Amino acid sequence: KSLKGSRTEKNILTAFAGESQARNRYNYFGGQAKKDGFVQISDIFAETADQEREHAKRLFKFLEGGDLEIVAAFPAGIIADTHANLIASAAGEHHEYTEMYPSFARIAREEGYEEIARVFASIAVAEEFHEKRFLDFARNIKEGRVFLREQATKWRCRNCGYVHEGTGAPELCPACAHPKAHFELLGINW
């Protein structure tokens, strides 16, 4: 059926509004992680910002109407150091998949919108991996393990693809001469 005048109609707009602000906050956090010397984290923030654009797009494509009043609480700010930014983003993520989307998928079901309840539950799966990624990175920073491990691995320069073998990323990449900030652990996922 129609969406107009349901509680799910107001919940889709609230989810779109919260996601639109998260897209912006993650891009801002992405800029600050670049300035903190964490390029791989900067790009994860930007990738996540982008994924928030897409969850907000799927939601928005259900809406059919005009103006709608929302009552809702949002984080009133703060761009801090990258560790705090990672912790505040895991928290926001945390609330979405444990509270907001559960609740919204449940109301959609009650109202006869099973396909939207489906989409709401499916976004939550994505929101869980995002929180886990922010938490592992926050933990790496705090322990001082971003650029140095206990056992020797392969480190890749994200700027030129140079692979380095060692316990830690070199101070400057020898191929492109960009600093340590550009290195990540080498990953293979094919």
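Counting begins at 1, following the sequence as shown.
With 99 to 107 and 81 to 89 compared on mean CA B-factor from the PDB entry, the stretch scoring higher is 99 to 107. Averaged over Cα atoms, the B-factor as recorded in the entry is higher for 67 to 75 than for the other of 90 to 98 and 67 to 75. Going by the entry's values, 151 shows the largest Cα B-factor out of 32, 51, 151, 40. Residues shown: 136, 143, 47, 127. Highest C-alpha temperature factor in the entry: 143. The PDB entry assigns residue 132 a C-alpha temperature factor belonging to the highest third of its chain's modelled residues. Remark: residue 10 belongs to the highest third of its chain, ranked by C-alpha B-factor as recorded.
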